[PDB]
Every structure is written in C-alpha cells, then in structure tokens.
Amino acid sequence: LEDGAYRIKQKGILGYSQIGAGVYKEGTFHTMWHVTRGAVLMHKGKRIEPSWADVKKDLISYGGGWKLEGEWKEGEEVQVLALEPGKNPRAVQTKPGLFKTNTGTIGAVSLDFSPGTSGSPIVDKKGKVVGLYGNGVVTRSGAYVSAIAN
C-alpha cells in the first residue's frame, strides 16, 4: 500500500458502498473505529489486520501503531481532504473551533460532509494529519461536532 488517502468500500450484491475513508502512512492504515469496528481490510488482494484502537477517540490503526503527527493549535486553519461517497476528492479549508464538553475542551470542525467521509484526513499547512473526519462528539451546548484535538 502506498502512502495516501483511501476510500473504504464494502461489497454487497448491488456493488460497493463507501462506508468511510482512511490514511496510509509509514506502513500503517488509520481510520475510525465506528467505520470498521475492527474488521479485517483488503487492498488489492493483501489483507491488513487491526493493530491498535481507542474506542473513546473513535480511532483504529492497522499494521502498526498510530503514525499521524499533526497537532492543531488554536487560530490555525486546516484543510479537510474530503473523500465523500460519490464525489472526487475535494480540499475544503476551515478554521476549527474550541468547544467545551463534559470530559474537557476539544478542537473540532463542523460536520459538513457525508457521514461516509469518516476517516478522511484533516491536514495542516505542513501537510501533516492533525486528525480524521467523523469523530462525532456532543458539546455542552448540544451540538454535534467533529473532534480533532483534546
């Protein structure tokens, strides 16, 4: 597998459905726990197995520990490199916000893409991945947002 952003497609009798997305970096595939639930993944006839997960952060990696290294800081803009069902990839620039939750305070972007985009990378200006789209968390105000940072 080469480094990059990938769609995750599930086969059924009508053909494939895109259930999410993820990032391959340094030998490891990164996606959301809610997308695969730990299921084995295939790429061009090669199997990859789950290696680590954090259900509370909605994260799972395959073939190694977490490799994503971006860290977002308040005020900085990022890009969601969205891979939506039925759409070519699109970069959308946005400024994440800080939100209060019961657990603490998080950085988050708005849930402005298909739920099938879950796993797409959110990148900083250095091209590093600061988080993955689609970790839905509830704020104190009763909003759902897509968390990127604690």
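A residue's number is simply how far along the shown sequence it sits, counting from 1.
Looking only at CA atoms, which has the higher mean B factor in the entry: 141 to 149 or 3 to 11?
Looking at the record's C-alpha B-factors, the answer is 141 to 149.
If you take the mean CA temperature factor per stretch, which one wins between 51 to 59 and 106 to 114?
Stretch with the higher mean C-alpha B-factor: 51 to 59.
When you compare the CA B-factors of 38, 70, 121, 85 as listed in the entry, which one comes out on top?
Going by the entry's C-alpha B-factors, 70 comes out highest.
Which third of the chain holds residue 125 when residues are ordered by C-alpha B factor: lowest, middle or highest?
For residue 125, the deposited C-alpha B-factor lands in the lowest third.
Lowest, middle or highest third: which one holds residue 95 when the chain's residues are ordered by CA B-factor from the entry?
Answer is highest: the recorded C-alpha B-factor places it there.
Using only modelled residues of the chain, where does the Cα B factor of residue 66 rank: lowest third, middle third or highest third?
Within its chain, residue 66 is a highest-third residue by C-alpha B-factor, going by the deposited values.
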